[PDB]
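Chains as they are written, first to last, in my numbering: chain A, 524 to 823; chain B, 309 to 545.
Ideal Cβ positions, reconstructed from N, Cα and C, are used throughout, including at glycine.
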Amino acid sequence: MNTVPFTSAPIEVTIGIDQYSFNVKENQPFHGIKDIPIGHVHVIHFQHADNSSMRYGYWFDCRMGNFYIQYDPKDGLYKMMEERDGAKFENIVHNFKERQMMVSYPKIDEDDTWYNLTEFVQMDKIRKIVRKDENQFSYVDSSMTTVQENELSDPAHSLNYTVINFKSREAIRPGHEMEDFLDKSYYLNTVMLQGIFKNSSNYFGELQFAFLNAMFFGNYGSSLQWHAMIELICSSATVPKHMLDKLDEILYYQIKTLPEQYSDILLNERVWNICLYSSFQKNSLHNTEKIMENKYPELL
Amino acid sequence: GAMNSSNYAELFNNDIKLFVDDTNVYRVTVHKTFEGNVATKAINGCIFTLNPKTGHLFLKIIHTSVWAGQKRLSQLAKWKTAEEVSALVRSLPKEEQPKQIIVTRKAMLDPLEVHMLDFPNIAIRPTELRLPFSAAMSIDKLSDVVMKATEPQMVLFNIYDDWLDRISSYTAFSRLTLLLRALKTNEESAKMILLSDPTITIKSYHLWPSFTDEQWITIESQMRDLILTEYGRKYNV
Ligand SMILES: COc1c(F)c(F)cc(C(=O)O)c1F
């Protein structure tokens, strides 16, 4: 069980750690989060009480180093930092735990929610979507744009999600215009799965990361990407059977975890109605269809 | 964006453009089967592809053999239309290719867009105008060449005959849409108006009668009256 100590909390801020969140007061003696489960990526995230705009945060994996948070009064944000000196870091944490100045990652044992949301998400894949190679962790925020959004302006600050575009030469084989447009299977299976992602785990990983950035940061381009990756599968007539079953589980937990009061903006009416009710896979998402009907029947 | 009453003069500027109407591509007669069910029988159709500036008409005849053994024909007809329009553009020299293609029915946008991916600089536009191009098959010589076809065929016409020698493109397009609107609203009466006089004939190389300028005024007025009469019936007003 790993720990992310905080130097201090000089400004009042709501701190999230995965799907949990805590309110910390200005100069409250808060010095970090302990008992973080090993084996999964995690995200720590922030929303300042005084500017509820720019949710921001850091994706990390404690297996990859010792990470701590420190507030920067010049740039005005809580920053993640890697500590290279293990004895320093262990001594700092030891002290902080003894003074009981850390909150505990509040995981219920029966609960697989975080695993279910991050099953296919790897740090190494995150770091290719978010390019800042001098760090082992990845910063994301509300305002960052995606490469696709950019094409339609600062490249070093972009979300390099895989570009999906149903009316592109990449998606449409010459001579199979109608076929490929009405059945996206060649674009899913050959172009995307066999060519770019190499396997369905990496595809689901990026789908899951996109959803999490949409939920935690309100990142709109990530929400576009999540929906595009769902639509590409549902709009294919030929999908490996293990993928459809996995997809139904993935989306179920995503819909389960979404704040009830955010359905209006995080859920695209067109995509969901097409996926659950009109697409080839309209009958392959029983768990997702059932939770969506009982929780958000208005959207549909 | 969409073409409407606001930007109507753009049709007659010097940027090459084409209207594409797919209404008459997939044509059927619905009928009863021996067992009392209903069946369709297809007849030959056509794509109506028209340069409104010059009157050049590219009439691609769609022979019933193209539907043989195919399902969802109304959907296929849109993609066949798009395929043939794309083939037509590819066949034109670069300086003759359109800068814009305006589809009369919005359902043609995605099929034509996908078929035109190799031409990213050609804008595919819908229109808000309710154009009467479905009535193209009320033009006898167009209807005749479509029904007589035994294979896929492209036939070239100038839908304005020689009118551009005396009038502008704007005026010629307005006359065309008036004639077609009249034929669409009451074909029998419109044809009566056009051929009533046996001394006014259609040139072998034309589609419409050889009216003098003053007879065109009379004809045009008769067409507007026919359209108003029909409209008072339609709505009882
Ligand atoms: C949280 O306090 C820490 C910490 F854990 C750490 F590893 C390093 C520093 C530092 O600035 O060097 C620090 F203040």
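Ends of the alpha helix (DSSP H) at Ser807 (chain A)? As a position in the first sequence, residue 807 (chain A) is number 284, starting the count at 1. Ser807 (chain A) -> no alpha helix (DSSP H), and no H or E assigned at all.
Take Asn722 (chain A) and list the residues in its own chain whose beta-carbon comes closer than 8 Å to its own, dropping the five residues that flank it on each side. Along the first sequence, one-based indexing puts residue 722 (chain A) at 199. Cβ neighbours of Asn722 (chain A) beyond the five flanking positions: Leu716.
First and last residue of the beta strand (DSSP E) that includes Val527 (chain A)? Stepping through the first sequence from its first residue, residue 527 (chain A) is reached at position 4. Start and end: 525 to 528.
Would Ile687 (chain A) pass as an interface residue toward chain B - the criterion being a Cβ-Cβ separation below 8 Å? By one-based count along the first sequence, residue 687 (chain A) stands at place 164. Not closer than 8 Å to any Cβ of chain B, the Cβ of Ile687 (chain A) fails to qualify, so no.
Starting from residue 476 (chain A) and walking both ways along the beta strand (DSSP E), at which residues does that stretch end? Chain A is shown only over 524 to 823; residue 476 (chain A) falls outside these bounds and no answer can be derived.
Taking just the CA atoms, how far does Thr412 (chain B) sit from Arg438 (chain B)? Taking the second sequence and counting its residues from 1, one reaches residue 438 (chain B) at position 130. Taking the second sequence and counting its residues from 1, one reaches residue 412 (chain B) at position 104. Straight-line Cα distance between these residues: approximately 8 Å.
What ranges does the beta strand (DSSP E) occupy inside the segment 593 to 628 of chain A, keeping only unbroken runs of at least 3 residues that lie completely in it? 600 to 605
By the 10 Å Cβ neighbour count, where 16 or more other Cβ atoms means buried, how is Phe481 (chain B) classified, buried or exposed? Residue 481 (chain B) sits at position 173 when you count from the first residue of the second sequence. In this structure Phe481 (chain B) is buried. Its beta-carbon is surrounded by 16 or more other beta-carbon atoms within 10 angstroms.
Along the chain, where does the alpha helix (DSSP H) that runs through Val393 (chain B) open and close? Position 85 of the second sequence, counted from the first residue, corresponds to residue 393 (chain B). Segment 381 to 399, the alpha helix (DSSP H) holding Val393 (chain B).
Let me check understanding here. Comparing Cα to Cα, which of B:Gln405, B:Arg474, B:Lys499 lies closest to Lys449 (chain B)? Residue mapping note: residue 449 (chain B) aligns to position 141 of the second sequence, counting from 1. Cα-wise, what sits closest to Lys449 (chain B) is B:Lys499.
Looking at the secondary structure, which residues open and close the alpha helix (DSSP H) in which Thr537 (chain B) lies? Here residue 537 (chain B) is taken as the residue at index 229 of the second sequence, counted from 1. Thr537 (chain B) -> alpha helix (DSSP H) spans 521 to 543.
Span of the alpha helix (DSSP H), counted from its first residue to its last, around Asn736 (chain A): Taking the first residue of the first sequence as 1, we reach residue 736 (chain A) at position 213. Residues 723 to 740.
Counterpart residues of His565 (chain A) in DSSP-defined beta bridges: Within the first sequence, numbered from 1, the residue matching residue 565 (chain A) stands at position 42. Bridge partners of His565 (chain A): A:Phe583.
With DSSP as the reference, identify every bridge partner of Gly539 (chain A), one or two as the case may be. Position 16 of the first sequence, counted from the start, is the residue given in the question as residue 539 (chain A). According to DSSP, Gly539 (chain A) bridges with A:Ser544, A:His568.
Is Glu606 (chain A) near ligand 1, with its Cβ less than 7 Å from a heavy atom? Here residue 606 (chain A) refers to the residue found at position 83 of the first sequence. Because some heavy atom of ligand 1 lies under 7 Å away, the Cβ of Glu606 (chain A) counts as near it: yes.
According to DSSP, simplified to helix, strand and coil, what is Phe465 (chain B)? As a position in the second sequence, residue 465 (chain B) is number 157, starting the count at 1. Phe465 (chain B): strand per DSSP, three-state reduction.
Can you tell me the Cα-Cα spacing of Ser786 (chain A) and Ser746 (chain A), whole angstroms? Working through the first sequence from its first residue, we reach residue 786 (chain A) at position 263. Working through the first sequence from its first residue, we reach residue 746 (chain A) at position 223. In a straight line, the C-alpha of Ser786 (chain A) is about 12 Å away from that of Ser746 (chain A).
Residue range of the alpha helix (DSSP H) that includes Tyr776 (chain A): As a first step, residue 776 (chain A) is located in the first sequence; it is residue number 253 there, counting from the start. Unbroken alpha helix (DSSP H) run through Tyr776 (chain A): 764 to 780.
What runs of the alpha helix (DSSP H), each 4 residues or longer, lie entirely inside the segment 671 to 724 of chain A? 700 to 705
For a contact meaning CB atoms closer than 9 Å, what does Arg692 (chain A) contact in chain B? As a working mapping, residue 692 (chain A) is identified with position 169 in the first sequence. The contacting residues are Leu425, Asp426.
Cβ-heavy atom distance between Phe569 (chain A) and ligand 1 below 7 Å? Here residue 569 (chain A) is taken as the residue at index 46 of the first sequence, counted from 1. For ligand 1, not one heavy atom lies less than 7 Å from the Cβ of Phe569 (chain A).
Limits of the unbroken alpha helix (DSSP H) element including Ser482 (chain B): Start at 1 with the first residue of the second sequence, and residue 482 (chain B) comes out as number 174. Here the alpha helix (DSSP H) through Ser482 (chain B) covers 477 to 493.
Per-residue contacts from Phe803 (chain A) into chain B (C-beta, under 9 Å): Position 280 of the first sequence, counting from 1, holds the residue named residue 803 (chain A). The contacting residues do not exist; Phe803 (chain A) stays about 15 Å from chain B at best.
Per DSSP, what kind of secondary structure is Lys402 (chain B) in: helix, strand or coil? By one-based count along the second sequence, residue 402 (chain B) stands at place 94. In this structure, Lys402 (chain B) counts as helix in the three-state DSSP scheme.
With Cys798 (chain A) as the anchor, note down where its alpha helix (DSSP H) starts and where it stops. Taking the first residue of the first sequence as position 1, residue 798 (chain A) is located at position 275. No alpha helix (DSSP H) contains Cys798 (chain A), which DSSP labels as neither H nor E.
Less than 8 Å between CB atoms is the rule here; does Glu392 (chain B) satisfy it with respect to chain A? The count along the second sequence starts at 1 and reaches residue 392 (chain B) at position 84. By this cut-off, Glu392 (chain B) is not an interface position.
Taking contact to mean 3 or more Cβ pairs, one atom from each stretch, closer than 8 Å, check whether the segment 589 to 605 of chain A and the segment 671 to 682 of chain A are in contact. no
List the residues of chain B whose Cβ lies closer than 9 Å to the Cβ of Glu700 (chain A), in chain order. Here the question's residue 700 (chain A) lines up with position 177 in the first sequence. Neighbours of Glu700 (chain A) on chain B, chain order: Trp387, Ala390, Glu391, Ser394, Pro419, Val422, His423, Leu425.
Return helix, strand or coil for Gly309 (chain B), following the three-state DSSP convention. To locate residue 309 (chain B), count along the second sequence from 1; it is residue 1. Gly309 (chain B) falls in the coil class under three-state DSSP.
Please report the residue range of the beta strand (DSSP E) in which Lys325 (chain B) lies. Mapped onto the second sequence, residue 325 (chain B) falls at position 17. 325 to 329 is the span of the beta strand (DSSP E), which, as asked, contains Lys325 (chain B).
Integer-rounded CB distance, given that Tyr579 (chain A) should sit under 8 Å from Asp664 (chain A): The residue given as residue 664 (chain A) occupies position 141 in the first sequence. The residue given as residue 579 (chain A) occupies position 56 in the first sequence. So it is a contact: roughly 4 Å between Cβ atoms.
Using 7 Å as the cut-off, classify the Cβ of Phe583 (chain A) as near or not near the heavy atoms of ligand 1, replying yes or no. Counted from its first residue, the first sequence places residue 583 (chain A) at position 60. No, the beta carbon of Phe583 (chain A) sits no closer than 7 Å to any heavy atom of ligand 1.
Considering only the beta carbon of each residue, do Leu464 (chain B) and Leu365 (chain B) sit closer than 8 Å? As a first step, residue 464 (chain B) is located in the second sequence; it is residue number 156 there, counting from the start. As a first step, residue 365 (chain B) is located in the second sequence; it is residue number 57 there, counting from the start. Their beta carbons are under 8 Å apart, which means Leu464 (chain B) touches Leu365 (chain B) by this criterion.
Quick check: does the Cβ of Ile556 (chain A) come within less than 7 Å of any heavy atom belonging to ligand 1? Against the first sequence, residue 556 (chain A) aligns to sequence position 33. Not one heavy atom of ligand 1 lies closer than 7 Å to the C-beta of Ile556 (chain A).
For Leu502 (chain B), which three-state DSSP category applies? For this step, residue 502 (chain B) is matched to residue 194 along the second sequence. In this structure, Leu502 (chain B) counts as helix in the three-state DSSP scheme.
Measuring straight from C-alpha to C-alpha, what distance separates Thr341 (chain B) and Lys349 (chain B)? On the second sequence, residue 341 (chain B) is found 33 positions in, with the first residue counted as 1. On the second sequence, residue 349 (chain B) is found 41 positions in, with the first residue counted as 1. Distance between the alpha carbons of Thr341 (chain B) and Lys349 (chain B): 11 Å.
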